[PDB]
Amino acid sequence: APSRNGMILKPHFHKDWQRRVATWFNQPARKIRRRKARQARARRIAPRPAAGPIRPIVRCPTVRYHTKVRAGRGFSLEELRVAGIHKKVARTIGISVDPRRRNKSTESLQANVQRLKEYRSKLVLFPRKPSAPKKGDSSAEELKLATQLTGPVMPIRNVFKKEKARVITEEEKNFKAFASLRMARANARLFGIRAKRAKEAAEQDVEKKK
Amino acid sequence: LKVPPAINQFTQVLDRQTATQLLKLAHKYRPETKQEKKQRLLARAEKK
Amino acid sequence: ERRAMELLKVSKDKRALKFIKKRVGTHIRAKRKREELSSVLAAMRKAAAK
Amino acid sequence: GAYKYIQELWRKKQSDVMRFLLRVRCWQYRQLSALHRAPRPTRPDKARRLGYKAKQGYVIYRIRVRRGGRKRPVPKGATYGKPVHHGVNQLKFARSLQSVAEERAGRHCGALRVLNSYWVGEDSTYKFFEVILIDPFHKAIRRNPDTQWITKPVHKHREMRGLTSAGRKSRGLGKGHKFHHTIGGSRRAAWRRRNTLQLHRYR
RNA sequence: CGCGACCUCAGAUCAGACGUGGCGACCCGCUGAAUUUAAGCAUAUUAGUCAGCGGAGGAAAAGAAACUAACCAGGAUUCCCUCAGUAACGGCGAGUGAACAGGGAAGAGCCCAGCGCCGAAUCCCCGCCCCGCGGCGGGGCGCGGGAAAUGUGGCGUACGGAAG
RNA sequence: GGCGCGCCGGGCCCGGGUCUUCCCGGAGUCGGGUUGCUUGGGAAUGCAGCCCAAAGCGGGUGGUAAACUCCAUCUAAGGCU
């Protein structure tokens with residue numbers, strides 16, 4: 002029975018909720034497991050990074066997040082082949098592999114051919130046996146000095162190029178900001194109506210001649 | 127039942143003087159026996 | 054198929070389009086099929102002359 | 002070479018020839034028992050797609066299934082309750098008259114394991130299916146690395162738990178927007194996520 | 001009339017291996033209410049919940065897209081935060097009710113049927129010794145039986161594959 | 001038990017870049033009409049029966065029925081993890 006002024010409101014407790022209640026009393030020594038069996042992981046994989054195979058330069062979609070950059074799933078099959086690393090050799094040296102990814106612009110394709118040389122250079126690669134190395138395998142001084150990495154490998158931070166303070170020319174100031182947004186809206190919507198009547202008016206001149 | 131014409135051509139068969147003659151030319155061009163493959167595979171390791 | 058190749062012989066190619074639709078599928082599923090039947094029909098309207 | 006033409010000719014049932022063959026053969030399954038073994042596979046093409054090979058181990062049973070629908074079981078026809086639920090004569094079964102084959106092969110032959118099934122004839126009261134199964138202890142199958150996925154204790158009675166390709170279809174799964182009521186594992190566990198209270202500690 | 005091959009089908013206390021039944025707290029497949037809310041009550045609500053039947057495991061189920069998008073594009077599955085008590089339903093009444101983007105935990109990816117090249121190159125069982133094993137596996141020797149061209153094994157499957 | 005490292009004993013004859021010529025895939029299923037259950041999915045989100053039942057520049061999807069159209073994006077009717 003509502004008294005007086007006071008917001009109307011709909012609860013969903015009409016089912017038998019109590020029989021399905023979830024609690025997190027676990028919450029503290031469920032963390033302290035992950036962190037343990039986390040701590041197991043990389044003692045198993047000694048000088049390989051615990052940061053694992055490296056994630057590509059990838060955007061966020063739609064008009065909201067399309068200003069941003071983030072880590073992805075895997076490197077496309079025209080970024081691996083151009084650089085000089087094969088798809089089944091790339092798995093065997095910390096470089097990500099995904100069979101689906103696309104190349105639609107060359108502004109996010111040149112950014113992922115350079116990404117793989119940075120890496121290929123700064124890697125340290127051990128010999129098959131300790132007592133007999135070969136050709137591409139690195140020397141026994143780096144390998145002395147070489148050691149594990151912590152946190153994402155070459156992590157992608159948020160970037161923007163700066164600009165100076167400029168004296169404005171006499172045709173920037175003579176450019177409308179609102180009336181050029183309204184004459185691009187007008188001609189996008191009405192172009193379907195435009196073209197059929199430039200056709201039907203030019204149709205009648207053809208008929209009355211012949 | 128009205129057996130249709132494509133499955134009906136299997137009753138059409140080769141006669142007696144041709145069927146006992148056609149298995150005498152194929153008698154000279156048989157595959158070798160399973161016991162022949164123990165003196166042919168073995169016959170390479172005698173000469174080499 | 055035989056029955057739709059008997060409205061195509063006698064040129065009622067609408068009723069035939071409107072007959073194939075109910076059987077096989079949509080208006081464009083009954084288009085190429087009506088274009089296929091016409092072309093085998095047109096085949097045996099050559100191989101009789103020759 | 003020959004398996005390119007065997008596929009394309011079974012896809013011509015409304016021809017003259019296949020109309021005759023799917024008729025003689027179907028007369029000749031109303032005559033034999035409602036579950037019975039079959040010496041070799043009838044459509045050797047279509048079988049070999051769904052996994053079969055010819056080797057001392059595999060096997061086929063050929064089961065028949067009564068055709069039609071479901072009628073709701075109550076004494077005389079008296080479902081006691083509200084009016085929505087008076088329904089008995091136009092309701093249907095959620096799984097299929099395929100999978101009911103895969104299962105009855107399954108139950109009878111309890112040593113063997115189900116793998117897949119396929120169509121072979123129909124009448125007006127009967128639908129007929131062939132049904133691949135595997136002896137999971139024949140040394141042939143125990144010792145081909147590829148096959149041994151079936152020998153393992155989890156794949157017991159696949160047919161009974163919606164796992165075979167005829168099985169899977171009722172549980173309402175695929176990828177995308179058309180299947181939202183499964184995200185989670187399976188239908189049940191979509192429902193569960195949506196109906197807990199998630200009571201943390203501080204609140 | 002006999003003799004022999006196949007095909008489809010009997011019988012055995014024939015030689016060797018498998019299934020049944022139990023527990024059921026969490027998982028999978030079915031089938032399936034009414035009390036009760038609407039201040040009456042038939043659609044709605046309870047609720048795909050109670051009871052019924054069936055199958056499992058140390059977790060199950062899902063799983064490398066006939067996927068989301070409408071972007072300067074994300075890229076298997078599960079899980080937490082958020083998106084939201086929203087967009088959508090609803091005697092438009094009571095009432096119910098998502099996803100995608102964003103950020104985390106975890107992170108791993110692959111095999112055939114089919115087109116066709118390599119003298120079935122492939123597998124199962126048996127008699128005999130050497131070793132040897134309380135997960136019957138290792139080598140040699142069988143004019144030893146059988147499966148198989150109604151198709152076995154090797155290269156190989158959309159990220160394309162092959163020969164020269 | 002578990003990693004590392006010799007001595008005998010068993011296998012295995014194998015790898016990438018340019019040029020020419022071949023060659024490519026799941027059917028009573030996809031798809032619809034209708035009937036009943038289901039869903040937040042509205043001229044029908046998913047499932048099933050009975051009827052009709054394909055295509056190969058072809059087939060699904062693109063949240064309001066359809067005709068006439070260019071684009072954008074996945075390869076369905078077999079399998080493991």
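Protein chains in written order, with the deposited numbering: chain L, 2 to 211; chain G, 127 to 174; chain i, 54 to 103; chain N, 2 to 204.
Quick reminder that beta carbons are idealized off the backbone N, C-alpha and C, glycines included.
Under the Cβ distance rule, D124(N) does not count among the residues neighbouring chain G, no pair being separated by less than 8 Å.
Taking 8 Å as the upper bound for CB-CB distance, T43(N) and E131(N) are in contact here, some 6 Å apart. Cβ-Cβ distances below 6 Å link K69(L) to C61 in the same chain, with the five nearest sequence neighbours on each side left out; the list follows chain order.
Residue burial annotation: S100(N) is buried, with at least 16 other C-beta atoms found within 10 angstroms of its C-beta. Neighbours of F94(N) in chain G, taken as residues at a C-beta separation under 9 Å, are lacking, since the least C-beta distance is about 35 Å. Distance from the CA atom of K37(L) to the CA atom of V125(L), rounded to whole angstroms, is 28 Å. Taking 8 Å as the threshold, the shortest C-beta distance from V22(L) to chain N falls below it.
If you look at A72(L), you'll find it in the beta strand (DSSP E) that goes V70 to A72. Look at the beta carbons and you see the stretch 108 to 128 of chain N touching the stretch 159 to 174 of chain N: at least three pairs across the two are nearer than 8 Å. Per DSSP, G193(L) lies in no beta strand (DSSP E) segment; the continuous alpha helix (DSSP H) that holds it begins and ends at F192 to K210. For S91(i), the CB contacts under 7 Å within the same chain, skipping 5 residues up- and downstream, are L61 in chain order. Fewer than three Cβ pairs drawn from the stretch 105 to 112 of chain L and the stretch 134 to 142 of chain L lie within less than 8 Å of each other, which leaves the two stretches out of contact.
When beta bridges are read from the DSSP output, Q199(N) appears opposite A23(L).
Per DSSP, the unbroken alpha helix (DSSP H) holding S92(i) starts and ends at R85 to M97. Nearest C-alpha to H201(N) among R20(L), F26(L) and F14(L): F26(L). Not a single CB atom of chain N sits nearer than 8 Å to the CB of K32(L).
With respect to chain G, the C-beta atom of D46(N) has no partner C-beta closer than 8 Å. Separation of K157(N) and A191(N) (C-alpha to C-alpha, rounded to the nearest whole angstrom) is 25 Å.
Excluding the 5 residues flanking it on each side, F72(i) has same chain C-beta neighbours closer than 8 Å at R56, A57 and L60, in chain order. Assigned with DSSP and collapsed to three states, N117(N) falls in strand. Burial is judged here by how many other beta carbons sit within 10 angstroms of a residue's own beta carbon; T148(L) has fewer than 16 and is exposed. At a C-beta separation below 7 Å, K16(L) has these neighbours in chain N: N196. Counted as a single uninterrupted DSSP element, the alpha helix (DSSP H) harbouring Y6(N) occupies residues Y4 to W11. For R189(N), no CB of chain L lies under 8 Å from its own CB, so it is not counted at the interface with that chain.
For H153(G), there is no enclosing beta strand (DSSP E), as DSSP gives it neither H nor E. Taking CB atoms only, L22(N) has no neighbour in chain L less than 8 Å away. For the stretch 137 to 150 of chain N, the set of positions with a beta-carbon nearer than 7 Å to some beta-carbon of chain L is empty. The beta-carbon distance between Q32(N) and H139(N), rounded to whole angstroms, is 31 Å. This is too long to meet the 8 Å contact definition.
Nearest in C-alpha terms to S122(L), of all of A84(L), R74(L), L191(L) and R129(L), is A84(L). With respect to chain L, the C-beta atom of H87(N) has no partner C-beta closer than 8 Å. Nearest CB-CB separation between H201(N) and chain L: below the 8 Å threshold. When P137(N), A95(N) and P74(N) are compared, the shortest CA-CA separation from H87(N) is found for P74(N). The three-state reading of DSSP puts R65(N) in strand, counting E and B together.
Selection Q29(N), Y127(N), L113(N) and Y59(N) evaluated against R41(N) yields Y59(N) as nearest (Cα-Cα). With respect to the C-alpha of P153(L), the residue from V59(L), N175(L), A72(L) and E119(L) having the closest C-alpha is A72(L). When the beta-carbon positions are compared, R71(N) and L92(N) come within less than 8 Å of each other.
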